[PDB]
Amino acid sequence: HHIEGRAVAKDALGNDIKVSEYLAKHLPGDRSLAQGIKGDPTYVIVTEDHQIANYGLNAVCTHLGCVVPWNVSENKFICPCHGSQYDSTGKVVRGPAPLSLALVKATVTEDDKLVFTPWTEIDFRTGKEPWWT
Ligand code: FES
């Protein structure tokens, strides 16, 4: 969680993401996958300010495991496997997925890297305690 369940965000080729370079390639609103904790596909989110959001999103659909794509037009994550839908922040807004996409703490380091750590606080979307904890 602190150091044990922590992961350096990596790109498709397994190379550590360089944040400055990453932001130079992803504009505000961008949501793209990176390799996260245990290598899980995790959305890196670029804010309106053009910064890495304080949280990432584990893209594994809570229904049956498909990696949920981001639909710019619908402004929602929509799973093509069985139609589950989640809002801009990953809150499940349409089943069959029972739970929201897992939040992941996303932190920019001093050595220009992105670190993912388990999100243990309150789920600011449901108020509920993380189902992923
Ligand atoms: S795996 Fe996403 S709706 Fe079934």
# chains A, B, ... in the order shown; residues from 1 in each chain; ligands from 1

$ residues_near_ligand --ligand "ligand 1" --cutoff "10 Å" --atoms "only C-alpha atoms and all ligand atoms" --output "JSON, numbers by chain"
{"A": [59, 60, 61, 62, 63, 64, 65, 66, 67, 68, 69, 77, 78, 79, 80, 81, 82, 83, 84, 85, 94, 95, 96, 97, 98]}

$ closest_atom_pairs --of "range 25-133 of chain A" --to "range 13-20 of chain A" --cutoff "10 Å" --atoms "only C-alpha atoms" --output "Markdown table"
| residue | atom | partner | partner_atom | distance |
| --- | --- | --- | --- | --- |
| A:25 | CA | A:20 | CA | 9.0 |
| A:34 | CA | A:17 | CA | 8.3 |
| A:35 | CA | A:14 | CA | 7.4 |
| A:39 | CA | A:14 | CA | 9.2 |
| A:51 | CA | A:19 | CA | 9.1 |
| A:52 | CA | A:19 | CA | 8.2 |
| A:108 | CA | A:19 | CA | 7.2 |
| A:109 | CA | A:19 | CA | 8.7 |
| A:111 | CA | A:18 | CA | 8.8 |
| A:112 | CA | A:19 | CA | 5.4 |
| A:113 | CA | A:18 | CA | 5.3 |
| A:114 | CA | A:19 | CA | 6.4 |
| A:115 | CA | A:17 | CA | 9.4 |

$ write_last_selection --atoms "N, CA and C atoms" --output "compact mmCIF listing (two decimals), in the first residue's frame"
# COMPACT_ATOMS: atom_id res chain seq x y z
N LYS A 25 2.11 14.66 -24.36
CA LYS A 25 1.48 13.78 -25.34
C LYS A 25 0.01 13.50 -25.08
N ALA A 34 -2.27 2.73 -18.59
CA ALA A 34 -0.87 2.56 -18.24
C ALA A 34 -0.88 1.24 -17.45
N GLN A 35 0.29 0.66 -17.24
CA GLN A 35 0.39 -0.56 -16.44
C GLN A 35 0.45 -0.10 -15.01
N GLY A 39 0.65 -4.63 -12.47
CA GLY A 39 0.49 -4.50 -13.92
C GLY A 39 -0.92 -4.31 -14.49
N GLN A 51 -2.67 18.35 -15.86
CA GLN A 51 -1.83 17.73 -14.86
C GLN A 51 -2.39 16.35 -14.67
N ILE A 52 -1.61 15.48 -14.03
CA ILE A 52 -2.05 14.13 -13.76
C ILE A 52 -3.01 14.24 -12.57
N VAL A 108 2.75 12.13 -8.68
CA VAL A 108 3.90 12.51 -9.50
C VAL A 108 5.13 12.68 -8.58
N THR A 109 6.21 11.97 -8.89
CA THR A 109 7.41 12.03 -8.06
C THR A 109 8.33 13.19 -8.39
N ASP A 111 11.35 12.73 -9.29
CA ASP A 111 12.22 12.31 -10.37
C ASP A 111 11.41 12.10 -11.65
N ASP A 112 10.36 12.90 -11.79
CA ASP A 112 9.52 12.93 -12.99
C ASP A 112 8.79 11.62 -13.36
N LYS A 113 8.34 10.92 -12.33
CA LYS A 113 7.62 9.67 -12.51
C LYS A 113 6.23 9.68 -11.90
N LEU A 114 5.44 8.67 -12.27
CA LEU A 114 4.08 8.53 -11.77
C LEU A 114 4.00 7.23 -10.97
N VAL A 115 3.58 7.38 -9.72
CA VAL A 115 3.46 6.27 -8.80
C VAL A 115 2.01 5.99 -8.43

$ closest_residue --among "A:33, A:129, A:89, A:70" --to "residue 47 in chain A" --atoms "only C-alpha atoms"
A:89

$ select_by_dssp --residues "chain A" --states "strand (DSSP E or B)" --output "VMD selection string"
chain A and resid 7 to 8 10 16 31 to 35 41 to 46 52 55 to 58 60 67 70 to 71 76 to 78 85 to 86 92 to 94 103 to 108 114 to 118

$ residues_around --residues "residue 42 in chain A" --least-positions-apart "4" --cutoff "10 Å" --atoms "only C-alpha atoms" --output "ChimeraX atom specification"
/A:9-10,31-37,56-60,67,101-104,116

$ write_last_selection --atoms "N, CA and C atoms" --output "mmCIF file, in the first residue's frame"
data_model
loop_
_atom_site.group_PDB
_atom_site.id
_atom_site.type_symbol
_atom_site.label_atom_id
_atom_site.label_comp_id
_atom_site.auth_asym_id
_atom_site.auth_seq_id
_atom_site.Cartn_x
_atom_site.Cartn_y
_atom_site.Cartn_z
ATOM 1 N N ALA A 9 4.044 3.669 -12.718
ATOM 2 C CA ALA A 9 3.237 3.558 -13.940
ATOM 3 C C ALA A 9 4.150 3.277 -15.128
ATOM 4 N N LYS A 10 3.785 2.273 -15.917
ATOM 5 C CA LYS A 10 4.584 1.909 -17.075
ATOM 6 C C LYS A 10 3.742 1.966 -18.335
ATOM 7 N N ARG A 31 -7.741 10.321 -21.076
ATOM 8 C CA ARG A 31 -7.756 9.177 -20.173
ATOM 9 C C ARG A 31 -7.165 8.068 -21.018
ATOM 10 N N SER A 32 -5.982 7.595 -20.636
ATOM 11 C CA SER A 32 -5.290 6.526 -21.372
ATOM 12 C C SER A 32 -4.770 5.505 -20.376
ATOM 13 N N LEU A 33 -4.611 4.274 -20.838
ATOM 14 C CA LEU A 33 -4.140 3.206 -19.979
ATOM 15 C C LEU A 33 -2.650 3.189 -19.766
ATOM 16 N N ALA A 34 -2.271 2.726 -18.591
ATOM 17 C CA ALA A 34 -0.872 2.555 -18.238
ATOM 18 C C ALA A 34 -0.884 1.237 -17.452
ATOM 19 N N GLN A 35 0.291 0.657 -17.235
ATOM 20 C CA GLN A 35 0.388 -0.564 -16.439
ATOM 21 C C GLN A 35 0.451 -0.097 -15.008
ATOM 22 N N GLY A 36 -0.475 -0.562 -14.171
ATOM 23 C CA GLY A 36 -0.474 -0.127 -12.783
ATOM 24 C C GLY A 36 -0.011 -1.176 -11.772
ATOM 25 N N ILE A 37 -0.673 -1.211 -10.621
ATOM 26 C CA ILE A 37 -0.304 -2.163 -9.574
ATOM 27 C C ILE A 37 -0.436 -3.620 -10.044
ATOM 28 N N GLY A 56 -6.166 7.591 -10.275
ATOM 29 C CA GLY A 56 -6.218 6.856 -11.524
ATOM 30 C C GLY A 56 -7.420 5.922 -11.396
ATOM 31 N N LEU A 57 -7.682 5.110 -12.411
ATOM 32 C CA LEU A 57 -8.818 4.203 -12.333
ATOM 33 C C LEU A 57 -8.456 2.837 -12.878
ATOM 34 N N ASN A 58 -8.685 1.802 -12.078
ATOM 35 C CA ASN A 58 -8.397 0.441 -12.523
ATOM 36 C C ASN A 58 -9.492 0.175 -13.561
ATOM 37 N N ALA A 59 -9.077 -0.048 -14.799
ATOM 38 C CA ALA A 59 -10.018 -0.229 -15.897
ATOM 39 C C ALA A 59 -10.679 -1.589 -16.000
ATOM 40 N N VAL A 60 -10.365 -2.494 -15.082
ATOM 41 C CA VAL A 60 -10.968 -3.811 -15.155
ATOM 42 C C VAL A 60 -12.435 -3.738 -14.751
ATOM 43 N N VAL A 67 -11.540 -4.868 -20.045
ATOM 44 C CA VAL A 67 -10.888 -3.587 -19.833
ATOM 45 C C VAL A 67 -11.843 -2.561 -20.466
ATOM 46 N N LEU A 101 -15.481 1.615 -10.930
ATOM 47 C CA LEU A 101 -14.100 1.258 -11.230
ATOM 48 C C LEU A 101 -13.267 1.665 -9.999
ATOM 49 N N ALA A 102 -12.353 0.789 -9.570
ATOM 50 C CA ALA A 102 -11.506 1.055 -8.393
ATOM 51 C C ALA A 102 -10.656 2.310 -8.527
ATOM 52 N N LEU A 103 -10.659 3.136 -7.489
ATOM 53 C CA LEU A 103 -9.831 4.333 -7.521
ATOM 54 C C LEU A 103 -8.417 3.875 -7.184
ATOM 55 N N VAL A 104 -7.439 4.627 -7.669
ATOM 56 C CA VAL A 104 -6.047 4.323 -7.389
ATOM 57 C C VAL A 104 -5.400 5.661 -7.151
ATOM 58 N N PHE A 116 1.631 4.724 -8.522
ATOM 59 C CA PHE A 116 0.280 4.315 -8.140
ATOM 60 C C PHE A 116 0.362 3.606 -6.776
#

$ closest_residue --among "A:45, A:40, A:5, A:73" --to "residue 119 in chain A" --atoms "only C-alpha atoms"
A:5

$ residues_around --residues "residue 2 in chain A" --least-positions-apart "3" --cutoff "8 Å" --atoms "only C-alpha atoms" --output "ChimeraX atom specification"
/A:5-6,117-118

$ closest_residue --among "A:50, A:107, A:125, A:41" --to "residue 90 in chain A" --atoms "only C-alpha atoms"
A:125

$ select_by_dssp --residues "chain A" --states "alpha helix (DSSP H)" --output "list in words"
residues 19, 20, 21, 22 and 23 of chain A

$ decode --residues "range 49-68 of chain A" --atoms "N, CA and C atoms" --output "short mmCIF file (atom, residue, chain, number, x, y, z; two decimals), in the first residue's frame"
data_model
loop_
_atom_site.label_atom_id
_atom_site.label_comp_id
_atom_site.auth_asym_id
_atom_site.auth_seq_id
_atom_site.Cartn_x
_atom_site.Cartn_y
_atom_site.Cartn_z
N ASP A 49 -6.39 21.35 -16.02
CA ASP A 49 -5.16 22.10 -15.79
C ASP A 49 -3.99 21.49 -16.52
N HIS A 50 -4.21 20.33 -17.12
CA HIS A 50 -3.15 19.63 -17.85
C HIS A 50 -2.15 19.05 -16.86
N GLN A 51 -2.67 18.35 -15.86
CA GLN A 51 -1.83 17.73 -14.86
C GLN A 51 -2.39 16.35 -14.67
N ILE A 52 -1.61 15.48 -14.03
CA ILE A 52 -2.05 14.13 -13.76
C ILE A 52 -3.01 14.24 -12.57
N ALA A 53 -4.23 13.72 -12.71
CA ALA A 53 -5.19 13.76 -11.61
C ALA A 53 -4.66 13.04 -10.37
N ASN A 54 -5.16 13.40 -9.20
CA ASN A 54 -4.70 12.77 -7.96
C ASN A 54 -5.11 11.31 -7.92
N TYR A 55 -6.01 10.91 -8.80
CA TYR A 55 -6.40 9.50 -8.83
C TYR A 55 -6.38 8.90 -10.22
N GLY A 56 -6.17 7.59 -10.28
CA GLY A 56 -6.22 6.86 -11.52
C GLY A 56 -7.42 5.92 -11.40
N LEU A 57 -7.68 5.11 -12.41
CA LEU A 57 -8.82 4.20 -12.33
C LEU A 57 -8.46 2.84 -12.88
N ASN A 58 -8.69 1.80 -12.08
CA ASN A 58 -8.40 0.44 -12.52
C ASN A 58 -9.49 0.18 -13.56
N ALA A 59 -9.08 -0.05 -14.80
CA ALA A 59 -10.02 -0.23 -15.90
C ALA A 59 -10.68 -1.59 -16.00
N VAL A 60 -10.37 -2.49 -15.08
CA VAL A 60 -10.97 -3.81 -15.16
C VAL A 60 -12.44 -3.74 -14.75
N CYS A 61 -13.34 -3.98 -15.71
CA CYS A 61 -14.79 -3.92 -15.43
C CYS A 61 -15.15 -4.79 -14.21
N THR A 62 -15.87 -4.23 -13.25
CA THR A 62 -16.23 -4.97 -12.03
C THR A 62 -17.27 -6.05 -12.29
N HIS A 63 -17.70 -6.19 -13.54
CA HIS A 63 -18.69 -7.21 -13.89
C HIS A 63 -17.96 -8.51 -14.18
N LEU A 64 -17.34 -8.60 -15.36
CA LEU A 64 -16.63 -9.81 -15.72
C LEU A 64 -15.19 -9.64 -16.19
N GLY A 65 -14.56 -8.53 -15.83
CA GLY A 65 -13.15 -8.34 -16.15
C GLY A 65 -12.69 -7.71 -17.44
N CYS A 66 -13.59 -7.29 -18.31
CA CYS A 66 -13.13 -6.66 -19.55
C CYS A 66 -12.47 -5.32 -19.21
N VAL A 67 -11.54 -4.87 -20.04
CA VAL A 67 -10.89 -3.59 -19.83
C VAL A 67 -11.84 -2.56 -20.47
N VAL A 68 -12.42 -1.69 -19.64
CA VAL A 68 -13.40 -0.72 -20.11
C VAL A 68 -12.82 0.51 -20.82
#
